[PDB]
Each structure stands twice: as C-alpha cells, then as structure tokens.
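Shown here: upload.txt, compact mmCIF, C-alpha atoms.
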```
# COMPACT_ATOMS: atom_id res chain seq x y z
CA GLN R 21 105.04 100.10 109.87
CA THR R 22 103.13 100.60 106.61
CA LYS R 23 103.97 103.76 104.67
CA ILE R 24 100.32 104.81 104.88
CA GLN R 25 100.43 104.66 108.70
CA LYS R 26 103.67 106.67 108.90
CA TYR R 27 102.05 109.37 106.77
CA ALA R 28 99.58 110.06 109.55
CA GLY R 29 102.51 111.76 111.33
CA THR R 30 101.67 112.72 114.90
CA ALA R 31 98.24 111.16 114.30
CA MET R 32 99.81 107.73 113.78
CA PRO R 33 98.78 105.14 116.40
CA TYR R 34 101.55 104.03 118.72
CA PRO R 35 103.67 101.49 116.85
CA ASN R 36 103.53 97.79 117.57
CA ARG R 37 106.01 96.90 120.34
CA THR R 38 104.94 93.31 121.14
CA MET R 48 119.75 93.96 133.76
CA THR R 49 117.18 95.61 136.12
CA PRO R 50 116.95 99.38 136.81
CA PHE R 51 116.37 101.04 140.16
CA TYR R 52 114.40 104.02 138.81
CA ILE R 53 112.34 105.06 135.80
CA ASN R 54 111.77 108.67 134.67
CA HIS R 55 108.90 108.88 132.22
CA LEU R 56 107.01 111.29 130.00
CA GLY R 57 104.21 110.13 127.73
CA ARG R 58 101.66 111.65 125.45
CA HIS R 59 98.06 110.59 125.96
CA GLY R 60 97.02 107.58 123.89
CA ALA R 61 95.11 107.86 120.62
CA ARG R 62 92.30 110.43 120.92
CA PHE R 63 89.31 111.76 119.02
CA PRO R 64 89.75 114.96 116.98
CA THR R 65 89.77 118.08 119.14
CA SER R 66 88.15 120.42 116.59
CA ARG R 67 85.14 120.06 114.30
CA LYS R 68 86.64 122.66 111.96
CA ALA R 69 87.94 120.33 109.26
CA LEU R 70 84.80 118.17 109.36
CA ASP R 71 82.48 121.17 109.02
CA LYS R 72 84.53 122.60 106.15
CA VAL R 73 84.36 119.31 104.22
CA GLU R 74 80.62 119.14 104.90
CA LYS R 75 79.93 122.74 103.84
CA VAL R 76 81.73 122.27 100.53
CA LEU R 77 79.95 118.98 99.78
CA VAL R 78 76.50 120.17 100.89
CA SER R 79 76.82 123.35 98.84
CA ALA R 80 77.92 121.24 95.87
CA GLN R 81 74.95 118.90 96.41
CA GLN R 82 72.81 122.04 96.19
CA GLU R 83 74.12 122.93 92.71
CA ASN R 84 74.41 119.36 91.30
CA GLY R 85 78.19 119.30 91.55
CA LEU R 86 78.89 115.97 93.27
CA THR R 87 80.10 112.82 91.60
CA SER R 88 78.83 109.44 92.80
CA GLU R 89 81.84 109.08 95.10
CA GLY R 90 81.15 112.59 96.38
CA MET R 91 77.59 111.72 97.38
CA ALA R 92 78.92 108.67 99.21
CA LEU R 93 81.55 110.89 100.83
CA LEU R 94 78.91 113.37 101.98
CA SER R 95 76.89 110.53 103.52
CA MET R 96 79.97 109.25 105.32
CA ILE R 97 80.97 112.70 106.58
CA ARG R 98 77.54 113.33 108.10
CA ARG R 99 77.75 109.98 109.90
CA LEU R 100 81.14 110.95 111.35
CA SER R 101 79.69 114.25 112.50
CA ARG R 102 77.08 112.33 114.50
CA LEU R 103 79.61 109.81 115.83
CA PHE R 104 82.08 112.54 116.85
CA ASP R 105 79.40 114.62 118.56
CA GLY R 106 80.23 115.06 122.23
CA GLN R 107 83.42 112.98 121.85
CA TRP R 108 85.80 115.75 120.82
CA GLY R 109 89.28 115.31 122.25
CA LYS R 110 88.42 112.21 124.27
CA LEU R 111 90.79 109.32 124.79
CA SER R 112 89.61 106.42 122.63
CA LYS R 113 89.53 102.73 123.57
CA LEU R 114 92.60 102.29 121.36
CA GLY R 115 94.29 105.00 123.43
CA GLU R 116 93.47 103.04 126.56
CA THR R 117 94.99 99.85 125.19
CA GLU R 118 98.11 101.72 124.07
CA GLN R 119 98.68 102.83 127.66
CA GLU R 120 98.02 99.33 128.96
CA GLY R 121 100.63 97.88 126.63
CA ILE R 122 103.27 100.46 127.58
CA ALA R 123 102.49 99.87 131.25
CA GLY R 124 102.38 96.09 130.82
CA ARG R 125 105.65 95.81 128.92
CA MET R 126 107.25 97.97 131.63
CA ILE R 127 106.14 95.79 134.56
CA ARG R 128 106.95 92.52 132.78
CA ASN R 129 110.34 93.73 131.53
CA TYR R 130 111.22 95.00 135.05
CA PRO R 131 109.21 93.27 137.78
CA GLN R 132 111.69 93.74 140.66
CA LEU R 133 111.45 97.46 140.25
CA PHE R 134 107.67 97.30 140.74
CA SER R 135 107.82 94.47 143.30
CA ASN R 136 107.14 94.44 147.06
CA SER R 137 105.90 97.85 148.11
CA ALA R 138 107.50 100.00 145.42
CA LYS R 139 106.35 103.63 145.27
CA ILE R 140 105.36 105.36 142.02
CA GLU R 141 103.94 108.79 141.28
CA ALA R 142 102.02 110.01 138.23
CA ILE R 143 101.12 113.55 137.18
CA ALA R 144 98.94 114.79 134.34
CA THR R 145 97.80 118.07 132.82
CA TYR R 146 94.26 119.37 133.34
CA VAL R 147 93.21 117.85 130.00
CA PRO R 148 90.88 114.85 130.44
CA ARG R 149 92.51 112.65 127.77
CA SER R 150 95.85 113.04 129.56
CA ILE R 151 94.21 112.15 132.88
CA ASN R 152 92.31 109.19 131.37
CA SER R 153 95.64 108.05 129.89
CA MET R 154 97.24 108.36 133.31
CA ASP R 155 94.55 106.16 134.86
CA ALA R 156 94.59 103.52 132.14
CA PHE R 157 98.35 103.33 132.74
CA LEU R 158 98.05 103.25 136.55
CA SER R 159 95.21 100.72 136.59
CA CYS R 160 97.45 98.33 134.69
CA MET R 161 100.26 98.84 137.23
CA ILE R 162 97.91 98.24 140.14
CA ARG R 163 96.28 95.20 138.56
CA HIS R 164 99.73 93.62 138.15
CA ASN R 165 100.90 94.56 141.68
CA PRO R 166 98.16 95.73 144.07
CA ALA R 167 100.80 96.30 146.76
CA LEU R 168 102.09 99.31 144.81
CA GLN R 169 102.10 102.65 146.61
CA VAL R 170 100.68 105.21 144.18
CA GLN R 171 100.48 109.01 144.30
CA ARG R 172 98.15 110.41 141.61
CA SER R 173 97.80 114.13 140.90
CA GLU R 174 96.88 116.43 138.04
CA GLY R 175 96.06 120.02 137.09
CA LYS R 176 97.39 123.49 136.31
CA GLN R 177 100.01 123.37 139.07
CA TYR R 178 101.97 121.35 136.50
CA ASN R 179 101.45 123.93 133.72
CA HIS R 180 105.06 125.12 134.02
CA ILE R 181 106.64 121.72 133.34
CA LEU R 182 103.90 120.10 131.19
CA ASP R 183 102.31 123.08 129.44
CA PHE R 184 105.14 125.54 128.84
CA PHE R 185 104.01 125.99 125.21
CA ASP R 186 100.95 127.93 126.41
CA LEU R 187 102.77 130.02 129.03
CA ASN R 188 105.69 131.52 127.10
CA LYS R 189 104.40 134.74 125.53
CA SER R 190 107.18 134.97 122.92
CA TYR R 191 106.59 131.37 121.86
CA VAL R 192 102.81 131.81 121.74
CA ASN R 193 103.38 134.80 119.45
CA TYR R 194 105.75 132.79 117.27
CA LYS R 195 103.26 129.91 117.16
CA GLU R 196 100.37 132.19 116.22
CA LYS R 197 101.97 134.62 113.76
CA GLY R 198 105.67 133.82 113.36
CA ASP R 199 107.76 133.64 110.20
CA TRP R 200 107.21 129.90 109.80
CA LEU R 201 103.65 130.61 108.50
CA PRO R 202 104.50 131.90 104.98
CA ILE R 203 107.09 129.14 104.55
CA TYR R 204 104.50 126.53 105.56
CA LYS R 205 101.87 127.98 103.23
CA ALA R 206 104.27 128.13 100.30
CA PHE R 207 105.22 124.53 101.00
CA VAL R 208 101.56 123.47 100.96
CA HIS R 209 100.85 125.25 97.65
CA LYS R 210 103.94 123.53 96.24
CA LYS R 211 103.18 120.01 97.54
CA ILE R 212 99.39 119.62 97.20
CA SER R 213 97.63 119.47 93.84
CA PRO R 214 93.94 119.81 94.83
CA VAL R 215 92.29 119.34 91.42
CA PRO R 216 93.15 115.62 90.92
CA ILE R 217 91.78 114.92 94.40
CA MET R 218 88.59 116.94 94.03
CA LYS R 219 87.80 115.39 90.64
CA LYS R 220 87.01 112.21 92.60
CA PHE R 221 84.23 114.05 94.43
CA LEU R 222 83.15 117.11 92.45
CA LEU R 223 82.03 117.87 88.94
CA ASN R 224 84.01 120.77 87.50
CA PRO R 225 86.70 121.06 90.20
CA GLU R 226 88.56 123.60 88.06
CA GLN R 227 85.78 126.12 88.80
CA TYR R 228 87.11 126.23 92.40
CA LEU R 229 89.63 128.87 93.42
CA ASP R 230 92.99 127.51 94.54
CA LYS R 231 92.48 128.74 98.11
CA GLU R 232 89.15 127.02 98.76
CA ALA R 233 90.27 123.94 96.82
CA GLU R 234 93.34 123.68 99.03
CA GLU R 235 91.44 124.28 102.27
CA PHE R 236 88.96 121.56 101.27
CA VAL R 237 91.67 119.01 100.45
CA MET R 238 93.69 119.72 103.60
CA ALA R 239 90.56 119.55 105.76
CA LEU R 240 89.71 116.22 104.14
CA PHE R 241 93.20 114.90 104.88
CA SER R 242 92.77 116.00 108.51
CA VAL R 243 89.56 113.96 108.82
CA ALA R 244 91.07 110.88 107.18
CA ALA R 245 94.27 111.15 109.25
CA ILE R 246 92.56 111.06 112.67
CA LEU R 247 89.99 108.30 111.99
CA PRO R 248 92.30 105.37 112.97
CA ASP R 249 92.69 106.97 116.44
CA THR R 250 88.96 106.83 117.24
CA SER R 251 88.32 103.04 117.39
CA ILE R 252 85.43 103.64 114.99
CA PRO R 253 85.57 100.74 112.47
CA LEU R 254 85.63 103.11 109.47
CA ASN R 255 88.58 104.01 107.28
CA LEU R 256 89.21 106.78 104.74
CA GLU R 257 92.82 106.20 103.60
CA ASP R 258 91.73 105.29 100.07
CA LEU R 259 90.32 108.75 99.47
CA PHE R 260 93.90 109.54 98.41
CA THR R 261 96.68 107.78 96.54
CA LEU R 262 99.85 106.81 98.40
CA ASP R 263 101.81 109.65 96.78
CA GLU R 264 99.18 112.17 97.89
CA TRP R 265 99.51 110.90 101.49
CA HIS R 266 103.31 111.20 101.15
CA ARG R 267 102.97 114.84 100.10
CA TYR R 268 100.37 115.71 102.71
CA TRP R 269 102.60 114.14 105.36
CA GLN R 270 105.64 116.18 104.30
CA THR R 271 103.59 119.36 104.78
CA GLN R 272 102.38 118.36 108.24
CA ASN R 273 105.83 117.12 109.19
CA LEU R 274 107.19 120.53 108.22
CA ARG R 275 104.47 122.39 110.12
CA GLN R 276 105.29 120.43 113.29
CA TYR R 277 109.06 120.84 112.86
CA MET R 278 108.98 124.61 112.37
CA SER R 279 106.29 125.43 114.92
CA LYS R 280 107.45 123.06 117.67
CA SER R 281 111.00 121.82 117.03
CA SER R 282 114.49 122.99 116.01
CA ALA R 283 113.88 124.67 112.63
CA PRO R 284 116.25 127.62 111.97
CA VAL R 285 113.24 129.87 111.40
CA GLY R 286 112.34 129.30 115.06
CA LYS R 287 115.87 130.08 116.34
CA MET R 288 115.40 127.24 118.89
CA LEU R 289 112.68 129.21 120.72
CA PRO R 290 110.25 126.24 120.35
CA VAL R 291 112.84 123.92 121.90
CA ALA R 292 114.23 126.22 124.58
CA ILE R 293 110.85 126.57 126.30
CA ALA R 294 110.99 122.94 127.51
CA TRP R 295 113.92 123.50 129.87
CA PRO R 296 111.85 123.41 133.12
CA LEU R 297 110.73 119.87 132.24
CA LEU R 298 114.32 118.85 131.53
CA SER R 299 115.25 120.49 134.82
CA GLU R 300 112.43 118.62 136.57
CA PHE R 301 113.57 115.31 135.04
CA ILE R 302 117.09 115.74 136.40
CA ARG R 303 115.94 116.84 139.85
CA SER R 304 113.64 113.87 140.40
CA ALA R 305 116.42 111.45 139.43
CA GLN R 306 118.99 113.18 141.63
CA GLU R 307 116.59 112.96 144.58
CA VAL R 308 116.01 109.24 144.03
CA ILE R 309 119.74 108.70 143.64
CA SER R 310 120.55 110.56 146.87
CA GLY R 311 117.67 109.00 148.83
CA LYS R 312 115.87 112.32 149.36
CA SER R 313 113.07 110.58 147.43
CA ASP R 314 112.45 106.85 147.38
CA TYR R 315 110.05 106.66 144.45
CA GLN R 316 110.78 103.82 142.08
CA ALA R 317 109.21 105.70 139.15
CA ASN R 318 107.86 109.12 138.17
CA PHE R 319 105.26 109.16 135.39
CA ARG R 320 104.01 112.27 133.55
CA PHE R 321 101.17 112.44 131.05
CA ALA R 322 100.81 115.29 128.60
CA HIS R 323 100.87 116.18 124.91
CA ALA R 324 102.78 116.10 121.65
CA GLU R 325 103.54 119.77 122.38
CA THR R 326 105.33 118.59 125.53
CA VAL R 327 107.21 115.64 123.99
CA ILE R 328 108.50 117.17 120.73
CA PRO R 329 110.45 120.14 122.21
CA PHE R 330 111.50 117.96 125.15
CA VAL R 331 113.07 115.32 122.88
CA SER R 332 114.75 118.07 120.87
CA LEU R 333 116.11 119.68 124.05
CA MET R 334 117.49 116.34 125.26
CA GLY R 335 119.48 116.23 122.03
CA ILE R 336 118.38 112.70 121.10
CA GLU R 337 120.12 112.39 117.75
CA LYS R 338 118.27 113.55 114.61
CA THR R 339 115.55 115.21 116.67
CA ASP R 340 117.27 118.59 117.18
CA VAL R 341 118.71 118.94 113.66
CA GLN R 342 118.55 122.47 112.19
CA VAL R 343 117.71 122.14 108.48
CA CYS R 344 117.85 125.39 106.51
CA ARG R 345 116.05 124.08 103.41
CA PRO R 346 112.34 123.28 103.92
CA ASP R 347 112.26 120.56 101.26
CA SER R 348 115.03 118.63 103.03
CA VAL R 349 113.39 118.44 106.47
CA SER R 350 111.48 115.21 105.81
CA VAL R 351 114.74 113.44 104.99
CA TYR R 352 116.27 114.30 108.36
CA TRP R 353 113.42 114.78 110.84
CA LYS R 354 110.35 112.53 111.00
CA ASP R 355 107.48 113.37 113.33
CA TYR R 356 106.02 109.84 113.39
CA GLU R 357 109.24 108.51 114.93
CA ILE R 358 109.22 111.20 117.62
CA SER R 359 105.59 111.90 118.55
CA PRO R 360 103.13 109.27 117.43
CA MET R 361 100.06 108.83 119.56
CA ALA R 362 101.09 107.73 123.09
CA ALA R 363 104.65 108.87 122.30
CA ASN R 364 106.82 108.42 125.36
CA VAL R 365 110.30 108.92 126.76
CA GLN R 366 111.68 106.70 129.53
CA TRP R 367 114.95 107.10 131.42
CA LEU R 368 116.10 103.86 133.02
CA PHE R 369 118.73 104.12 135.77
CA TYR R 370 121.09 101.32 136.78
CA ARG R 371 123.74 100.89 139.46
CA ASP R 372 126.59 98.59 138.42
CA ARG R 373 128.96 96.38 140.46
CA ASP R 374 131.03 99.39 141.53
CA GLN R 375 127.98 101.59 142.36
CA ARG R 376 128.41 103.67 139.18
CA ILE R 377 125.13 105.01 137.78
CA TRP R 378 124.14 104.28 134.17
CA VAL R 379 121.17 105.69 132.27
CA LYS R 380 119.42 104.25 129.20
CA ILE R 381 117.13 106.53 127.17
CA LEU R 382 114.12 104.99 125.43
CA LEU R 383 112.11 106.92 122.86
CA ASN R 384 108.89 105.02 122.14
CA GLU R 385 110.56 102.02 123.81
CA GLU R 386 113.59 101.98 121.49
CA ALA R 387 117.06 102.92 122.71
CA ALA R 388 118.01 106.45 121.68
CA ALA R 389 121.45 107.89 121.05
CA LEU R 390 122.94 111.01 122.59
CA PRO R 391 125.90 112.90 121.05
CA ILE R 392 128.24 111.83 123.85
CA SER R 393 130.49 108.80 123.95
CA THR R 394 129.88 105.52 125.73
CA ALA R 395 131.74 102.23 125.70
CA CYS R 396 128.52 100.23 126.31
CA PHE R 397 125.71 101.62 124.17
CA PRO R 398 122.81 101.95 124.83
CA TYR R 399 123.97 102.65 128.43
CA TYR R 400 125.42 106.09 129.16
CA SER R 401 127.26 107.43 132.18
CA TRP R 402 124.71 109.30 134.29
CA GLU R 403 127.33 111.86 135.37
CA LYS R 404 128.26 112.58 131.74
CA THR R 405 124.62 112.57 130.64
CA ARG R 406 123.50 114.91 133.43
CA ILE R 407 126.37 117.28 132.67
CA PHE R 408 125.29 117.28 129.03
CA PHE R 409 121.63 117.91 129.94
CA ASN R 410 122.56 120.84 132.21
CA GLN R 411 124.43 122.36 129.28
CA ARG R 412 121.26 121.92 127.20
CA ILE R 413 119.33 123.82 129.88
CA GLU R 414 121.96 126.58 130.07
CA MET R 415 121.73 126.98 126.27
CA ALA R 416 117.92 127.06 126.36
CA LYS R 417 117.99 129.84 128.96
CA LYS R 418 120.52 131.76 126.86
CA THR R 419 118.15 131.37 123.90
CA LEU R 420 115.21 132.60 125.98
CA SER R 421 117.16 135.67 127.12
CA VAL R 422 117.00 136.93 123.53
CA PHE R 423 113.22 136.53 123.19
CA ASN R 424 112.13 138.10 126.45
CA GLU R 425 109.27 140.05 124.81
```
Starting from the file, give its structure as structure tokens.
Amino acid sequence: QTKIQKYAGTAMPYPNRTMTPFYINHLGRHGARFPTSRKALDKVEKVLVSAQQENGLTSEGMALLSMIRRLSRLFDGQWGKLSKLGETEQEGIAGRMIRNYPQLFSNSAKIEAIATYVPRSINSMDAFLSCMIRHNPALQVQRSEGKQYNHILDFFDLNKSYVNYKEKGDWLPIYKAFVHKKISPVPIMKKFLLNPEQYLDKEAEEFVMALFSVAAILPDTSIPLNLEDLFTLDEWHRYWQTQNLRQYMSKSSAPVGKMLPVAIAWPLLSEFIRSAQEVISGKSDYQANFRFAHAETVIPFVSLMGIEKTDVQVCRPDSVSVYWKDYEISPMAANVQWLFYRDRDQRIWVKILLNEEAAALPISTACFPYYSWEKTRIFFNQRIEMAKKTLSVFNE
C-alpha cells in the first residue's frame, strides 16, 4: 500500500487482503522469511567496524553499528527460516479460501499439497494445511515434498543454459550500469561516515546496496525493529528500480534474456493443465492441488501464463519500472490460483487470481474475469509450445 512498502519489491510482505468452483489449482511462494545470506550484513558490519577503528563514524553511524551487531545476533541460526509473519500470511490465504468457498472444502473433500525440499516452503505448506484442517477436520489431505518435484518447482536450478545466463549472462553489465546510474552513495554514507568522499565508488556502492538489502528484509522477520528511515523516500524509489530491473532481466521476459528465463517454467504450466484435465475428466477427484515454492518459481510462471503486463518485453532498461512491477507479481507469499466452474450447460470456466486479484489474459471473454477453459487451455498450450521452441535454441 504505502510507497515505502512497494519499494521492498519481492521482499514486500503479502498485501492486505482482508458462484462456487469445483476445483482450485494453486501455486504459492513461501510466506515472509528471514534473510538467506549473511553477506550484506557482514559487509555493512566490516565497513562500520573498520571505520570505528579509524574514527570515521558519525553519531548515527555508531548507532547503526550497534544496531547491525544486534541483528547479527538475532539472525544467527535463523537464516532463511519462515517467520511468524510468514505463517500468518499463509493462514490468511488459506482462511480466505475456505470462507470464500466452503462447499468446495466441505464433506470429505480431497486436497493435495507439494513443496520443494526447502524448509521455509515446507513450513509454509504446513501453516496453510493446518488452517484447512482446523476449519474442516474431515478433509482428506495428501502431503508430500522434496527433490522429486525439482522439475516442476525448481526448474531454475536444473536448466544449464539458464543457470549460465543467471550467473554470467549479458544482463549483468546492464544491471551494473543501471545501479551506478541510479544510486548516489555519498549522500547516504554522509549520514554514517566522516569523509565519505575518501571511499572509492565501488566500495561505497557495495556498502549502500548491502545496507538497502538489510533494511529491505527486516519487515519479513517479525523482529520489532525497522530501518526504513536510513534512506529518504526517493532513495528507496531508486534502489527499488534497480532491484526491479535485476529481477526482470534475470527471471522474467526482458529482451536481453530472449525469453529463456520464462521458457524454463513450461513443465509447471504443463503440470497445471494436466492436473485440471484429470479433475475435469474424473481421472482425479481432488478438489484442490496446492504447491509451495519460491519467487523463482512464480515470476517465470506468471510470465509464461501471459497474465497481462507480466510478460512485456521492454527494450529500454529505464522504462521497465513503468511497465513491470515486481511487488505486484512476487511479493512475499505471492500466489496464483486457478478457480474452475461448471455453468448451467456444463461449460467449464476458469478464473485466474494473482495474489487474490483477478488477472487478465490476452484472449477475449464476454464475462470477465471468467474465461472459457477450452480457450484458455488452448492458449496455455501455445505458450508451452513457444517455450519449447525458445529452449530449442539454447540447448547448450
């Protein structure tokens, strides 16, 4: 809601969200989590400590060093864990689902959930499922997780050409030029350090970006401490535009990526269609399929679906933030739900929810937000055919 929250990008907490379908196809990111890496924290601490050693800290810098050390102790042994906020995010998504559609989860409905091998995704799964079961203990639940789901939930680690692009592709120099252009370190470091002009641009920029990283993740930890006022609103705006661009080029439909980051999600799109077709035909009689994974799963998946705006190909880096916004796609606990309906004449309609808001597809319908399942499935199969055609070029 607030501009400052939006500027946390994919580190933004799930936004406030406070007739009846026969099936629900779901994919959700884990809820809000702790930082996964101590790298930014340690870099901020090294710079401040070393400055404290040469009498180079302002008053606010000494206070900042004290605070950073406290965070280091509070984060210790918590890295990457689902936070209590992340638990409550899952409980709200689950709870709104069962209260919006209780017949679907009535009687002895059958649901299945899958997660990656990552504990925060599993703990998110269970927070979600415990809510379901508390509301209806007569639910039939199948719960599984692990590397057997790597191909549909973890494709971003398995595609060699994509891993190479992610680690050393042409988006890197663009991203680094964008950072140098958008971030002025010296005004920020003046708050904390005497003589910030004595710092080289490279270390000054690594310090500032590391500091942003620490401030950006703090609201996801449930620790009652905040660091947003380390920076002005305009500085957060600029930092966000750089992180938004990094996500868009490394994981979404930027021209520099040639759709390789998007194409790799096709097995999940294929899996989504198959599980719906099996429910529709009666081969399966699950009332819902839930899947718990990561931003790296959701972002290319939403782009591959073609949910409008999310697969735009912007040639100019400075224009991306106008057209593609990562906090509207992959906040914490980001999720995609497909709701299936059968009408009076047994026709099948699908409604697509991104973060619980109706999403548009570039096909026609006479009753938005409801789309013809036949037309939608035909469109998704074309998306998969295109993704495979893309992948045939980058076969390494």
Notebook entry, point to check: So which residues touch stretch 179-188 of chain R within 10 Å, counting all atoms listed in the file, skipping near sequence neighbours fewer than 6 positions away, as a ChimeraX atom specification?
Noted result: /R:56,143-146,194-195,280,289-291,293-301,320-323,325-327,329-330,420,423-425
Margin query: Between R:139, R:99, R:110, R:125, which residue has the minimum interatomic distance to residue R:316, considering all atoms listed in the file?
Written below: R:139
Note to self: If I take atom CA of residue R:94 and atom CA of residue R:208, how far is one from the other in Å, to one decimal?
What the structure shows: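 Interatomic distance here is 24.8 Å.
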Item checked: All residues 7 Å or closer to residue R:171, all atoms listed in the file, same chain fewer than 5 positions away omitted, as a PyMOL selection string -> chain R and resi 140-142
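Counting all atoms listed in the file, the residue from R:309, R:92, R:351, R:387 that sits nearest to residue R:402 is R:309.
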Note to self: If we count all atoms listed in the file and set the cut-off at 12 Å, which residues sit around residue R:198, ignoring sequence neighbours fewer than 2 positions away in its own chain? Please answer as JSON, numbers by chain.
What the structure shows: {"R": [190, 191, 192, 193, 194, 195, 196, 200, 201, 202, 203, 204, 275, 278, 279, 280, 285, 286, 287, 289, 290]}
Next item on the list: Measure the distance from atom CA of residue R:90 to atom CA of residue R:25 in Å and round it to one decimal.
Entry: 24.2 Å
Margin query: Please report the interatomic distance between atom CA of residue R:57 and atom CA of residue R:319 in Å with one decimal.
Written below: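 Interatomic distance, atom CA of residue R:57 to atom CA of residue R:319: 7.8 Å.
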Give me, as CSV, the closest atom pair and its distance (Å, one decimal) for every residue of stretch 345-376 of chain R within a cut-off of 12 Å of stretch 236-259 of chain R, counting only C-alpha atoms, rows sorted by chain and rising number.
```
residue,atom,partner,partner_atom,distance
R:360,CA,R:249,CA,10.7
R:361,CA,R:249,CA,8.2
R:362,CA,R:249,CA,10.7
```
Checklist line | Selected residue of minimal separation from residue R:26 among R:302, R:281, R:415, R:265, counting only C-alpha atoms | finding: R:265
Item checked: Polymer residues at most 10 Å from residue R:276, only C-alpha atoms, same-chain spacing of 3 or more positions, as an MDAnalysis selection string -> chainID R and resid 29:30 204 270:273 279:283 324:325 328 354:355
I'd like the neighbourhood of stretch 128-138 of chain R as a CSV table (one decimal) with C-alpha atoms, in the coordinates of the input, where a residue qualifies if any of its atoms comes within 12 Å (using all atoms listed in the file), though same-chain residues fewer than 3 positions away should be ignored.
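part.csv, written as the output of this step:
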```
chain,number,residue,atom,x,y,z
R,38,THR,CA,104.9,93.3,121.1
R,48,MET,CA,119.8,94.0,133.8
R,49,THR,CA,117.2,95.6,136.1
R,50,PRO,CA,117.0,99.4,136.8
R,51,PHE,CA,116.4,101.0,140.2
R,52,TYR,CA,114.4,104.0,138.8
R,53,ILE,CA,112.3,105.1,135.8
R,120,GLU,CA,98.0,99.3,129.0
R,121,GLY,CA,100.6,97.9,126.6
R,122,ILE,CA,103.3,100.5,127.6
R,123,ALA,CA,102.5,99.9,131.2
R,124,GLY,CA,102.4,96.1,130.8
R,125,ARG,CA,105.6,95.8,128.9
R,141,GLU,CA,103.9,108.8,141.3
R,160,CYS,CA,97.4,98.3,134.7
R,161,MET,CA,100.3,98.8,137.2
R,162,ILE,CA,97.9,98.2,140.1
R,163,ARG,CA,96.3,95.2,138.6
R,164,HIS,CA,99.7,93.6,138.2
R,165,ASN,CA,100.9,94.6,141.7
R,166,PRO,CA,98.2,95.7,144.1
R,167,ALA,CA,100.8,96.3,146.8
R,168,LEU,CA,102.1,99.3,144.8
R,169,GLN,CA,102.1,102.6,146.6
R,170,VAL,CA,100.7,105.2,144.2
R,171,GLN,CA,100.5,109.0,144.3
R,314,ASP,CA,112.4,106.8,147.4
R,315,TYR,CA,110.0,106.7,144.4
R,316,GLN,CA,110.8,103.8,142.1
R,317,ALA,CA,109.2,105.7,139.2
R,318,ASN,CA,107.9,109.1,138.2
R,368,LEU,CA,116.1,103.9,133.0
R,369,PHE,CA,118.7,104.1,135.8
R,370,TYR,CA,121.1,101.3,136.8
R,385,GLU,CA,110.6,102.0,123.8
```
Check: Hey, which of R:197, R:68, R:267, R:172 ends up closest to residue R:213? Count only C-alpha atoms.
Finding: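 Closest to residue R:213, using only C-alpha atoms: R:267.
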Notebook entry, point to check: Using all atoms listed in the file, which residue out of R:372, R:67, R:335, R:384 lies closest to residue R:100?
Noted result: R:67
Check: Which one of R:228, R:399, R:268, R:353 sits closest to residue R:24 if you count all atoms listed in the file?
Finding: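 Looking only at the distances to residue R:24, the closest residue turns out to be R:268.
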Could you add whatever atoms are missing so that stretch 321-334 of chain R carries N, CA and C atoms, then write the result as a PDB file, in the frame of the given file?
```
ATOM      1  N   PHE R 321     102.050 112.664 132.191  1.00  0.00           N
ATOM      2  CA  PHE R 321     101.170 112.440 131.050  1.00  0.00           C
ATOM      3  C   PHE R 321     100.759 113.785 130.493  1.00  0.00           C
ATOM      4  N   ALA R 322     101.037 113.991 129.211  1.00  0.00           N
ATOM      5  CA  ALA R 322     100.810 115.290 128.600  1.00  0.00           C
ATOM      6  C   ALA R 322     100.616 115.143 127.093  1.00  0.00           C
ATOM      7  N   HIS R 323     101.255 115.997 126.298  1.00  0.00           N
ATOM      8  CA  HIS R 323     100.870 116.180 124.910  1.00  0.00           C
ATOM      9  C   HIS R 323     102.064 116.092 123.979  1.00  0.00           C
ATOM     10  N   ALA R 324     101.753 115.996 122.683  1.00  0.00           N
ATOM     11  CA  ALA R 324     102.780 116.100 121.650  1.00  0.00           C
ATOM     12  C   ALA R 324     103.572 117.388 121.798  1.00  0.00           C
ATOM     13  N   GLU R 325     102.900 118.471 122.210  1.00  0.00           N
ATOM     14  CA  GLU R 325     103.540 119.770 122.380  1.00  0.00           C
ATOM     15  C   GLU R 325     104.489 119.793 123.564  1.00  0.00           C
ATOM     16  N   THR R 326     104.378 118.806 124.456  1.00  0.00           N
ATOM     17  CA  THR R 326     105.330 118.590 125.530  1.00  0.00           C
ATOM     18  C   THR R 326     106.498 117.736 125.034  1.00  0.00           C
ATOM     19  N   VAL R 327     106.200 116.628 124.350  1.00  0.00           N
ATOM     20  CA  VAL R 327     107.210 115.640 123.990  1.00  0.00           C
ATOM     21  C   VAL R 327     108.187 116.192 122.957  1.00  0.00           C
ATOM     22  N   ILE R 328     107.668 116.749 121.865  1.00  0.00           N
ATOM     23  CA  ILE R 328     108.500 117.170 120.730  1.00  0.00           C
ATOM     24  C   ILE R 328     109.612 118.129 121.174  1.00  0.00           C
ATOM     25  N   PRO R 329     109.328 119.281 121.802  1.00  0.00           N
ATOM     26  CA  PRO R 329     110.450 120.140 122.210  1.00  0.00           C
ATOM     27  C   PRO R 329     111.303 119.516 123.293  1.00  0.00           C
ATOM     28  N   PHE R 330     110.724 118.634 124.111  1.00  0.00           N
ATOM     29  CA  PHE R 330     111.500 117.960 125.150  1.00  0.00           C
ATOM     30  C   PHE R 330     112.529 117.015 124.528  1.00  0.00           C
ATOM     31  N   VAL R 331     112.110 116.195 123.565  1.00  0.00           N
ATOM     32  CA  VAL R 331     113.070 115.320 122.880  1.00  0.00           C
ATOM     33  C   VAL R 331     114.129 116.142 122.163  1.00  0.00           C
ATOM     34  N   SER R 332     113.740 117.254 121.539  1.00  0.00           N
ATOM     35  CA  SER R 332     114.750 118.070 120.870  1.00  0.00           C
ATOM     36  C   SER R 332     115.723 118.653 121.887  1.00  0.00           C
ATOM     37  N   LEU R 333     115.224 119.064 123.058  1.00  0.00           N
ATOM     38  CA  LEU R 333     116.110 119.680 124.050  1.00  0.00           C
ATOM     39  C   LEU R 333     117.057 118.656 124.662  1.00  0.00           C
ATOM     40  N   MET R 334     116.602 117.413 124.836  1.00  0.00           N
ATOM     41  CA  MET R 334     117.490 116.340 125.260  1.00  0.00           C
ATOM     42  C   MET R 334     118.648 116.142 124.284  1.00  0.00           C
TER      43      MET R 334
END
```
